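Structure first, then comments.
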Amino acid sequence: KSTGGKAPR
Amino acid sequence: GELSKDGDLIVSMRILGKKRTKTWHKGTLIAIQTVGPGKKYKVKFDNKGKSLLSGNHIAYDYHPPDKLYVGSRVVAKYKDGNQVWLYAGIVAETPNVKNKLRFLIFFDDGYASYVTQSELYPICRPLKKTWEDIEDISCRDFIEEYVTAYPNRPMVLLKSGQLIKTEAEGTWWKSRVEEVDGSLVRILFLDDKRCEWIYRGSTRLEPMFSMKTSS
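One line per chain: the protein sequences are B and A, in this order.
Just so you know, we're using the entry's author numbering here: the first sequence kicks off at 9 and counts up by one.
With the entry's author numbering applied, the second sequence corresponds to residues 190 to 254, 256 to 405, in that order.
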């Protein structure tokens with residue numbers, strides 16, 4: 009699954 | 190500690206349950222048991238298996254009636271391309287004009303999408319602070335901040351064709367705004383050529399990050 013989420017890593 | 194009911198949870202009802210894969214599946218509630226500090230719900234899945242589940246790991250097999259609010263704990267259709275799963279999340283926005291009467295869902299893994307009323311299901315016994323069962327600590331933290339701050343939602347105004355940097359996996363990438371839909375923007379990563387829908391208040395978007403870093 010491709011998501012980068014809501015905030016920077 | 191066996192029960193045939195617990196309020197509106199009745200042995201024999203249809204239900205959704207969370208499997209160890211973290212995807213959710215249709216089944217039947219076959220038993221209710223008090224075990225130490227709380228109740229456990231035994232679900233027989235339609236396709237395969239049985240699980241004993243806490244109340245935050247079962248969902249009603251019906252669609253919510256204005257019953258849901260920002261912060262509601264839900265299971266929703268997680269559609270990314272041609273793949274679909276039932277997956278847990280939080281209601282981030284309720285139906286309105288700007289969103290064409292959809293629900294914005296922030297899923298437990300960090301994904302975001304709009305869904306319709308017929309694509310979400312209320313979790314039966316959410317925790318009082320609904321984010322406290324989100325396993326990923328970055329997601330959990332984000333949702334607590336978002337729900338607590340609501341309705342103060344700083345966002346960036348972006349237009350189709352605009353060029354910005356967008357963060358992913360620790361790197362800031364050249365990107366392009368392809369489409370705006372309510373509180374989401376479709377970002378094309380220009381080196382990769384993949385798209386992602388991102389919340390317009392996310393600090394993954396450079397103009398939003400920069401505002402916060404200075405503020």
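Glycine included, every Cβ here is placed at the ideal spot set by N, Cα and C.
Counting only beta-carbon atoms, is residue i nearer than 8 Å to chain B?
| i | result |
| --- | --- |
| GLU386/A | yes |
| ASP323/A | no |
| residue 255/A | Within chain A, residue numbering steps from 254 directly to 256, and residue 255/A belongs to the interval with no atoms modelled. |
| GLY360/A | yes |
| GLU357/A | yes |
| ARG394/A | yes |
| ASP195/A | no |
| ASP235/A | no |
| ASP256/A | no |
| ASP270/A | yes |
Hey, out of the options, whose CA is closest to residue i's CA?
| i | options | result |
| --- | --- | --- |
| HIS246/A | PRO312/A, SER303/A, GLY372/A, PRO344/A | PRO312/A |
| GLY216/A | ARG384/A, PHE297/A, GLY225/A, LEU205/A | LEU205/A |
| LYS288/A | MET401/A, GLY372/A, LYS383/A, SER404/A | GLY372/A |
| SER262/A | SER392/A, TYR340/A, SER365/A, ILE221/A | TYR340/A |
| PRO16/B | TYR268/A, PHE332/A, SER243/A | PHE332/A |
| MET398/A | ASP197/A, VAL375/A, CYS385/A, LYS207/A | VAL375/A |
| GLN307/A | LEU378/A, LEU395/A, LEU353/A, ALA266/A | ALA266/A |
| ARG315/A | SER243/A, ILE388/A, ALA220/A | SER243/A |
| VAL305/A | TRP275/A, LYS364/A, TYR336/A, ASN342/A | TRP275/A |
| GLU283/A | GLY238/A, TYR389/A, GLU396/A | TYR389/A |
| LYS319/A | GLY300/A, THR356/A, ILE280/A | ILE280/A |
| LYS207/A | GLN222/A, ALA220/A, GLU191/A, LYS231/A | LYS231/A |
| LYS9/B | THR356/A, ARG384/A, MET345/A | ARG384/A |
| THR210/A | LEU353/A, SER350/A, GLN352/A, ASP298/A | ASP298/A |
| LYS14/B | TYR259/A, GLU357/A, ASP381/A | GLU357/A |
| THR393/A | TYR251/A, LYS237/A, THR361/A, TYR268/A | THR361/A |
| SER201/A | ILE221/A, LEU310/A, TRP213/A, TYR336/A | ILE221/A |
| residue 178/A | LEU347/A, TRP363/A, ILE377/A | The question about residue 178/A has no answer, for chain A in this structure spans 190 to 405. |
Using three-state DSSP, classify residue i as helix, strand or coil.
| i | result |
| --- | --- |
| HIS252/A | coil |
| residue 255/A | Gap note for chain A: numbering proceeds from 254 to 256 with nothing in between, so residue 255/A has no coordinates. |
| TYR304/A | strand |
| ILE333/A | helix |
| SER365/A | strand |
| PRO397/A | helix |
| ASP323/A | helix |
| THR356/A | strand |
| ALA15/B | coil |
| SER328/A | helix |
Within 7 Å: the Cβ of residue i and any heavy atom of the ligand HEM?
| i | result |
| --- | --- |
| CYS385/A | This structure lacks the ligand HEM; in fact it carries no ligand of any kind. |
Near-chain B residues of the stretch 326-343 of chain A - C-beta to any C-beta below 7 Å: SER328, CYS329, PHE332
At a CB distance below 9 Å, what residues from the stretch 290-302 of chain A approach chain B? Give them in sequence order. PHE296, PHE297, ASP299, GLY300, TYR301, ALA302
Determine, using beta-carbon pairs with one atom in the stretch 314-327 of chain A and one in the stretch 282-297 of chain A, whether at least three such pairs fall under 8 Å. no
Any contact between the stretch 362-376 of chain A and the stretch 214-230 of chain A? By contact I mean 3 or more CB pairs, one from each, below 8 Å. Cβ pair count under 8 Å is below three, so no.
Positions along the stretch 365-392 of chain A whose CB lies within less than 8 Å of some CB in chain B: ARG384, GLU386, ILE388, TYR389, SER392
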